[PDB]
**Student:** 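Take this structure, written in structure tokens, and hold onto it; I'll ask about it next.
If you read the sequence from its start, that first residue is 1, and numbering goes on from there.
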Amino acid sequence: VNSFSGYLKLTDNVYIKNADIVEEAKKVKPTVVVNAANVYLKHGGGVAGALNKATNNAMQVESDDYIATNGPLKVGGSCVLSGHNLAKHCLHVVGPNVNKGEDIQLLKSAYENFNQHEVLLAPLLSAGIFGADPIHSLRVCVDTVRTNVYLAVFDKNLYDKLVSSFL
Ligand SMILES: c1cnc2[nH]ccc2c1
């Protein structure tokens, strides 16, 4: 049993809810919240900007030190950093950004990072301002992630479309 509430069960391991990942993280304090990161960990907008704003910019300060030491992530890659006030850990995952021309096949590699964690609160990778089709992102998530993932979908209209169209 875990603390996640109000989710619709899609599969054995994937759950979905219309919720802001920031408000959900604040309520649950999950072991792992996933950030929709870019390779530079520049948390300007979308999930990354809202998460970072909720940490009072502490996520960005930590991220800048990580990049200064390690250099940029790979598209499809990830790193584990602090969850600050939102979670124990933040798994920063880089899905391909279609609005930068990145290979959508890298979305499966991105979701494979989730398998290193038993339970996660996450957004749909490469959705929103990353430009991918969220229906596609949910299909790759279900077909790739084997650990227990609780997906937060901010947009109520999109949530309803994801549920209604789910095979
Ligand atoms: C998905 C879930 N929660 C969010 N909060 C801000 C953006 C976003 C996207």
Side-chain angles (χ1 to χ4, degrees), residues 4 14-17 19-26 28-134 136-138 140-142 144-155 158:
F4 288 106
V14 178
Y15 295 79
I16 195 164
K17 184 184 178 177
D20 177 353
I21 200 173
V22 172
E23 287 311 311
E24 193 75 4
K26 282 201 287 192
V28 175
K29 290 290 237 87
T31 305
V32 180
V33 65
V34 174
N35 182 32
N38 60 51
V39 294
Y40 306 109
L41 301 179
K42 285 172 52 90
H43 309 304
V47 166
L51 292 169
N52 175 60
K53 179 179 178 186
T55 76
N56 181 44
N57 211 50
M59 178 180 283
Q60 190 64 67
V61 170
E62 179 195 32
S63 292
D64 291 346
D65 170 86
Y66 173 88
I67 296 289
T69 299
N70 300 108
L73 299 176
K74 299 171 181 181
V75 178
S78 71
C79 69
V80 180
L81 291 172
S82 180
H84 300 279
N85 54 316
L86 303 179
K88 185 174 201 284
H89 304 287
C90 181
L91 181 71
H92 294 273
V93 180
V94 186
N97 189 327
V98 176
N99 304 317
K100 302 179 174 169
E102 296 167 352
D103 169 18
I104 195 58
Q105 300 305 140
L106 288 169
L107 186 54
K108 188 171 182 77
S109 302
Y111 274 115
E112 288 171 341
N113 297 286
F114 290 23
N115 290 320
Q116 299 295 316
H117 302 278
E118 287 191 353
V119 183
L120 314 87
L121 171 62
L124 287 166
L125 298 181
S126 297
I129 69 175
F130 281 62
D133 176 3
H136 176 66
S137 183
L138 179 55
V140 178
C141 179
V142 159
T144 306
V145 180
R146 297 178 300 284
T147 57
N148 294 322
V149 57
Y150 289 86
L151 294 169
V153 178
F154 184 56
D155 193 271
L158 172 59

**Student:** For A48 and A36, work out which heavy atoms get closest and say how close.
**Tutor:** CB-O, 3.6 Å
**Student:** Between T144 and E112, is the side chain to side chain contact (heavy atoms under 4.5 Å, CB included) condition met? List the steps.
**Tutor:** CA-CA 6 Å; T144 306; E112 288 171 341; 3.6 Å; yes
**Student:** Looking at CG of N97 and CG of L106, how far apart are the two atoms once the value is rounded to the nearest 0.5 Å?
**Tutor:** 12.0 Å
**Student:** Are any non-hydrogen side-chain atoms of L125 and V34 less than 4.5 angstrom apart?
**Tutor:**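 Yes, side chains in contact.
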**Student:** How close do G95 and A110 get, counting heavy atoms only, and between which atoms?
**Tutor:** CA-CB, 4.0 Å
**Student:** Tell me, do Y111 and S137 make a side-chain contact under 4.5 Å, heavy atoms counted?
**Tutor:** yes
**Student:** If you round to the nearest 0.5 Å, how far is CG of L121 from CG of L86?
**Tutor:**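 Rounded to the nearest 0.5 Å, the CG-CG separation comes out at 9.5 Å.
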**Student:** I need the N38 CG to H92 NE2 distance, nearest 0.5 Å.
**Tutor:**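 That separation rounds to 10.5 Å.
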**Student:** Picking from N35, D64, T55, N52, what satisfies side-chain hydrogen bond (donor to acceptor under 3.5 Å, both in side chains) with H43?
**Tutor:**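 The side-chain hydrogen bond (donor to acceptor under 3.5 Å, both in side chains) with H43 is passed solely by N35 among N35, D64, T55, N52.
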**Student:** Are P96 and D103 side-chain neighbours, meaning at least one heavy-atom pair lies under 4.5 Å?
**Tutor:**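 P96 vs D103: side chains apart.
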**Student:** Taking all non-hydrogen atoms of both residues into account, name the closest pair between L41 and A37 and its distance.
**Tutor:**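 Closest pair (atom of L41, atom of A37, distance): CD2-CB, 3.8 Å.
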**Student:** Between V47 and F130, is the side chain to side chain contact (heavy atoms under 4.5 Å, CB included) condition met? List the steps.
**Tutor:** CA-CA 10 Å; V47 166; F130 281 62; over 6 Å; no
**Student:** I129 and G45: which non-hydrogen atoms are nearest, and at how many Å?
**Tutor:** CD1-C, 4.0 Å
**Student:** For the residue pair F154 and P123, establish whether any side-chain heavy-atom pair is separated by less than 4.5 Å.
**Tutor:**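 Side chain of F154 against side chain of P123, heavy atoms only: no contact under 4.5 Å found.
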**Student:** Taking the side chain as every heavy atom from C-beta outward, state whether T147 and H117 have any atom pair closer than 4.5 Å.
**Tutor:** no
**Student:** Is the CG atom of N56 crowded by more than 12 outside heavy atoms at less than 6.0 Å?
**Tutor:** no
**Student:** Are any non-hydrogen side-chain atoms of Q116 and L91 less than 4.5 angstrom apart?
**Tutor:**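 Side-chain contact under 4.5 Å: no.
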**Student:** Do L138 and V142 touch side chain to side chain, with heavy atoms closer than 4.5 Å?
**Tutor:**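 Side chain of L138 against side chain of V142, heavy atoms only: contact under 4.5 Å found.
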**Student:** At what distance, to the nearest 0.5 angstrom, does CE of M59 lie from CG of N57?
**Tutor:**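 Here the rounded value is 10.0 Å.
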**Student:** First locate atom NZ of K53, then atom CD of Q60, and finally report the distance between them rounded to the nearest 0.5 Å.
**Tutor:** 14.5 Å
**Student:** Heavy atoms, side chains only, cut-off 4.5 Å: are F4 and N148 in contact?
**Tutor:** no
**Student:** Check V149 against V145 and note the closest heavy-atom contact, atom names and distance.
**Tutor:**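 Residues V149 and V145, closest heavy atoms: CG1-CG1, 3.9 Å.
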**Student:** Can you tell me how far the SG atom of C79 sits from the CD1 atom of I67, to the nearest 0.5 Å?
**Tutor:**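 So the SG of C79 and the CD1 of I67 are separated by 7.0 Å.
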**Student:** Quick one, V75 with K100, criterion side chain to side chain contact (heavy atoms under 4.5 Å, CB included). Give me CA distance, side-chain angles, the key distance, then yes/no.
**Tutor:** CA-CA 11 Å; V75 178; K100 302 179 174 169; over 6 Å; no
**Student:** If you look at every heavy atom in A19 and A152, which pair is closest and at what distance?
**Tutor:**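 Closest pair (atom of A19, atom of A152, distance): O-CB, 3.5 Å.
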